[PDB]
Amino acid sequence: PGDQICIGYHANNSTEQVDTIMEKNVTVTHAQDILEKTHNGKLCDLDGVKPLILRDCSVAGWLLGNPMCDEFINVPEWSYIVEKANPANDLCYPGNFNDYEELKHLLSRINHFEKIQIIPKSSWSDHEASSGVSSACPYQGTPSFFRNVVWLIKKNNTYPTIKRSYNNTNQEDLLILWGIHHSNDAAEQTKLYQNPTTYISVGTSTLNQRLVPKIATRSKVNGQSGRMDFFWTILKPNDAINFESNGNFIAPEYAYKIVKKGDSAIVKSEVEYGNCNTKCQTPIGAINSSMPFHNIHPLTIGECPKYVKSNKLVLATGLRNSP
C-alpha cells in the first residue's frame, strides 16, 4: 500500500455522561461533577466552636429558667443554636411571650451570654417570694416555677408598692425579662395580691410600658385557667431600668449580659451531635466539601455552596468517548 499518518484524539473506558442543549446522555472522557450531594448526617461544630443544643428546651424555657432546663443554667460560648420543632419544655404557664421572634432573631447575632443577678431574690423583704410556685410548672414532680424570675405575692395581707431600679454599670447591653400574671377572678386576685386594681410599670430611656392584668374566665391549658405573659428589653450600657407595681408582677432576678456578638442562627434539627467540624452545616447534617453547588437542604448556615434543586451538574472537560 502506502505510508499513512492520521489525526485523532483520546479515548478511554470512561462511562461518565454529560449533557448539552442539543444532546442528552453524551459519554465523555473526563468530567467534573460540581453538584455536592453528600452530608455526614450529624450536627457538628463550626470552626472548632460547638453549638448550643437545647435538647427538649425552648429559647424561652431556657432564658426564663424552666426547672427542666437546668442543664442550661450557665452555658458557654456557641456557634449556633439548635431547637426542636416542638420542644416539650417551653413555658409552664400558658401565655404570650411578647416579640418572641424578634428576641429569637436577636440571638442570631449573639454568640455568648453572662447570666447576672440583677435584683436578688432575698431582697424582697415585704413580699412573699418563695411562694412563687405552681402545679402548672412541675420540676421533679413537685410544684415549681421558672428559676430566673420571681412570682411575688403578698406578705401578711399586704402587697406594698414595689419601686426598684437598676443601673446597668457594665459596658455590654444586657437582656432583662419580666412578666405579668393574669388571674382568673376577683377572689384569686385578692388572695394572691391583696390589691384589686393593679399595674406593672417598666421604664428605660426607650421603653415606657404599663401593663394591667386582664381578669377573666378561661379554658384550662395544662389544667390551668390562668395566664402569664412575658416581656423583654435590651438595657444599654449607662441606662437604668425602673419597675413599679402593686400586683401581679413577675420580677426579674437574673439578666443576661451580651458578650459576644457574631454570627449564628437557630436550626430546627432533630439530629444529634457528632463531635465533628464544618464551615457549612444544615439541619439534616454537616457538609465538608468544596464545590460551587449542593442540593442537600435550603436552610443552610455558614459559608456554603449555592443550594440548587438539580439532581445533576456535571461539566465535560475531556472529549466525546464512544467505542
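Heads up: residue numbers just count along the shown sequence, starting at 1.
If you average the Cα B factors in the entry, which is higher, 203-211 or 164-172?
For C-alpha atoms only, the mean B-factor is higher in 164-172.
Looking at the entry, does 243-251 or 220-228 show the higher mean C-alpha B-factor?
Per the PDB entry, the higher value belongs to 220-228.
Among the choices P143, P94, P196, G179, identify the one whose CA B-factor in the record is greatest.
Among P143, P94, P196, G179, the PDB entry lists the largest C-alpha B-factor for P143.
By the CA temperature factor listed in this entry, which of these ranks top: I266, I53, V49, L64?
Max CA B-factor in the entry, restricted to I266, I53, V49, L64: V49.
Third of the chain, ranked by Cα B-factor, where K155 sits:
It belongs to the highest third of the chain when residues are ordered by C-alpha B-factor.
Considering only modelled residues of the same chain, in which third does the CA B-factor of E77 rank: lowest, middle or highest?
For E77, the deposited C-alpha B-factor lands in the highest third.
With respect to C-alpha B-factor, does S130 fall in the lowest, middle or highest third of the chain as deposited?
Within its chain, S130 is a highest-third residue by C-alpha B-factor, going by the deposited values.
Relative C-alpha B-factor of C280, binned into the chain's lowest, middle or highest third
Within its chain, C280 is a highest-third residue by C-alpha B-factor, going by the deposited values.
Using the B-factors in the PDB entry, rank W124's C-alpha atom against the chain and give the third, lowest, middle or highest.
Within its chain, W124 is a middle-third residue by C-alpha B-factor, going by the deposited values.
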